[PDB]
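Data first, discussion second: the structure below is written as structure tokens.
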Amino acid sequence: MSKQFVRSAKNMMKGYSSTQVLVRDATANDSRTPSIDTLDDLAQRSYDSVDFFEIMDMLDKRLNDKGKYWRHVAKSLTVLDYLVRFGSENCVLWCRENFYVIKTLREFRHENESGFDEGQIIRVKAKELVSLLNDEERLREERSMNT
Amino acid sequence: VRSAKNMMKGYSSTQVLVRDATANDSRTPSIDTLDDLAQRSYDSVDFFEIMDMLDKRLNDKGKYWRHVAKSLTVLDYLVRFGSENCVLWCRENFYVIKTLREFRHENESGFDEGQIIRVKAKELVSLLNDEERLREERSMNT
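If you read the protein sequences in the order shown, they are chains A and B. The letter at position 105 of the first sequence is residue 105 when you use the entry's author numbering, and the numbering goes up by one with no holes. All you need for the entry's author numbering is the position in the second sequence, starting with 1, plus 5.
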């Protein structure tokens, strides 16, 4: 019967493409960090305009979430930080137009049922990206060494 | 004559059955409904339609707690009496089952209605945690 990759097609029936699958699996729901090859692949695929839209529209709905789904925002800021300084130049221009989205994540606070503020990592992760996008002299170089 | 309750544009027999099994009401899922879901979970295309709906129903919050609760009882029946791939689907999505162990909610009356979602989510994790008894339970299902 079905094995390992057939059960992973549960998202394929849910209307997803290869680019939409791995960017969805990148911002997973466990304490695992996205594999760099997935972040590297997303950077290379961001050059294609068809993939770049599906990538950004996916992270758009992953960043506007709150509640117990704090791993939607924390991991999306991680891949978005990689796309900004490794992928297409439109990844920078896209964050400049949706700038007030990560600007509101500056105050993300979600406490789980144990007195632990899980949103603290989302605070420093969002404040760092804003400080990077507002430094064009720094941001331009960071995209140069990664070539 | 009473096909009128098929006001379901887009969904199929399997998708409507699982939605009617986890609907937001006081009606409890019956065994003849659960055994049909377990029977259809053996079929390939029917299996994904059951998991795709339980996925959208388990990931609910707010006052729609009855969608999450019934999806746990339905999933428990699919782990034991359903297909083997149902257990594989629960292993790859074992975190969605654990995130509901911290679920909390109470209606505007004062009673914590999330108390039942926790216990149902807890015993399901401990069920999959005991892989020895799992094959034992799936063996009796002859």
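Each residue gets a CB set at the ideal place from its N, CA and C atoms; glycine is no exception.
- For the pair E118(B) and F86(B), the Cα-to-Cα distance works out to about 28 Å.
- Taken through DSSP and simplified to helix, strand or coil, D40(A) comes out as helix.
- The beta carbons of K61(A) and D57(B) sit no closer together than 8 Å.
- Around the C-beta of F5(A), fewer than 16 other C-beta atoms lie within 10 Å, and the residue is accordingly described as exposed.
- Note that the C-beta distance between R109(A) and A126(A) is not below 8 Å.
- Pairing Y47(B) with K14(B), the inter-Cα distance amounts to about 25 Å.
- A buried status is given to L42(A), since no fewer than 16 other beta-carbon atoms sit within 10 Å of its beta-carbon.
- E111(B) is bridged by DSSP to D117(B).
- Close partners of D57(B) in chain A (Cβ separation under 8 Å): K10, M13 and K14.
- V21(B) and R45(B) have their C-alpha atoms roughly 13 Å apart.
- Listed in chain order, the positions of the region 99-121 of chain A with a beta carbon within less than 7 Å of a beta carbon of chain B are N112 and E113.
- Separation of the CB atoms of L139(A) and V92(A) is rounded to 7 Å, and the pair is thereby assigned contact status at 8 Å.
- If the five residues before and after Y69(B) are omitted, its C-beta is found closer than 7 Å to the C-beta atoms of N29, all from its own chain and listed in chain order.
- If you check the CB distance, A26(B) and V79(B) come in under 8 Å.
- Contact annotation: in the region 61-83 of chain A, residues whose CB is within less than 7 Å of a CB in chain B are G67 and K68.
- Going by C-alpha positions, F52(A) is about 15 Å away from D81(A).
- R7(A) is a Cβ neighbour of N90(B), given a cutoff of 8 Å.
- By the rule that beta-carbons nearer than 8 Å mark a contact, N90(B) touches chain A.
- Within chain B, the C-beta atoms nearer than 7 Å to that of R7(A) come from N90, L93, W94 and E97, in chain order.
- Across the region 25-42 of chain A, CB contacts with chain B closer than 7 Å involve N29 and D30, in sequence order along the chain.
- Here DSSP, grouped into helix, strand and coil, assigns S17(A) to coil.
- Residue nearest to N146(A) within the set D40(A), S114(A) and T19(A) is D40(A) (criterion: CA-CA distance).
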